[PDB]
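This document opens with one chain alone, in structure tokens, the form deposited in one PDB entry.
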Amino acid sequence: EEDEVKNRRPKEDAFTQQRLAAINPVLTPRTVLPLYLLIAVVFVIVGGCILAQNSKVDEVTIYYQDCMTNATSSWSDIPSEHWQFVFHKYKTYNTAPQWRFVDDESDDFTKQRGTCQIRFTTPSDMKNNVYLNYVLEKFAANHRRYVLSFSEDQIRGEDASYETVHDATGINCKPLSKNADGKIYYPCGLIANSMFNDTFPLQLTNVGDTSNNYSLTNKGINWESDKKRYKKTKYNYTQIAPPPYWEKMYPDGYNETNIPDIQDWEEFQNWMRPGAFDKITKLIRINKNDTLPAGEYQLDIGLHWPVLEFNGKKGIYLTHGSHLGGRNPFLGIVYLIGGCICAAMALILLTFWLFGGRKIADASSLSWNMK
């Protein structure tokens, strides 16, 4: 028998022990009614400001989708279901505009061709900035295949081959990748192919005193920074072709000096931004220098876009704007309603607290100390 032989404490911190500095709030009528009243007053004031600002914006919308049919060759008025004037100075100044059609038998496009002349009067001014946009109702440009139909290499001016245009990722132009002859379209996809085609004027031809017409400009209608992605074409002038709906703008193809430089073509960049909802209002003419005085003006629109074939609509939308965009009283209404709801809720809480209130903190109001 020789088998006779032979600092973990948790670090006491303020975070490890979950004893961090904190404030435990309670919703007492001493700290609820002031909050409700403050929020109500602030929101009613902001909404009053917004509504006062919105009640001054003047706008002119004129739909001409049926000028090729319902209009004549003389100065005739427009039906009441095609124009809306909103002028805060004169809230009852209907003075319907007058439109006329001058058919051009040169084009063989019977669907939509000619030129619509619209004379509209404005009894007020538009300070230092006038925007003329085109409204396209009932046009669906927000579909699954339509929106993902383009190529960001051809947009960036790269000489994208057929594979980089057809075998790309989930964003590529699948239907209109290549034509029959074997030359990949330069503007590919259903967005560039289906571009708005009505040609708007470069000035508002005056009527009263023709010595001074109001001018517009197609330069500066899109974000300047947008010119950092739309680069100039780098194609060999022999491997591209206009989209199938652009065959009337380039009837002979893409020769040396006809390839459009999309960088300085701000309307094309405006159209490659597919509108989210149904209506599509895109800026096309801007005036930044001169104020637009009162009187009558005339627009010469070149109708090249077929809209009535799907019961859609289109028209002009002229406005000065505001800090909250065009005339849209939804923001002011919502602010007013939020403020009034907060005030009414504060009053209801005051009534319930002064008529059917409880004790501050009782030892007999708990669940166990009562039964």
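We call the rigid core whatever largest set of C-alpha positions still superposes within 1.5 Å between the two forms. Position 1 is the first residue in the sequence shown; the rest follow in order. Shifts are known only where both forms have a C-alpha.
- Where coordinates are absent for parts of the deposited sequence, a chain break appears; between neighbours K6 and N7 it spans 4 to 9 residues.
Omitted from view is the form deposited in another entry, to which the following refers.
- The residue that stands out in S74, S225, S161, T210 is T210, the single one whose Cα moves by 2 angstroms or more between this form and the one not shown on a rigid core fit.
- Once the cores line up, the CA of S106 ends up 2 angstroms or more apart between this form and the one not shown.
- Core-superposed comparison between this form and the one not shown: CA of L20 displaced by less than 2 Å.
- Once you line up the core between this form and the one not shown, the Cα of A363 ends up 2 Å or more from where it was.
- Listed in sequence order, 104-108, 208-211, 362-368 mark where three or more consecutive residues have CA shifts of 2 Å or more between this form and the one not shown on superposition of the core.
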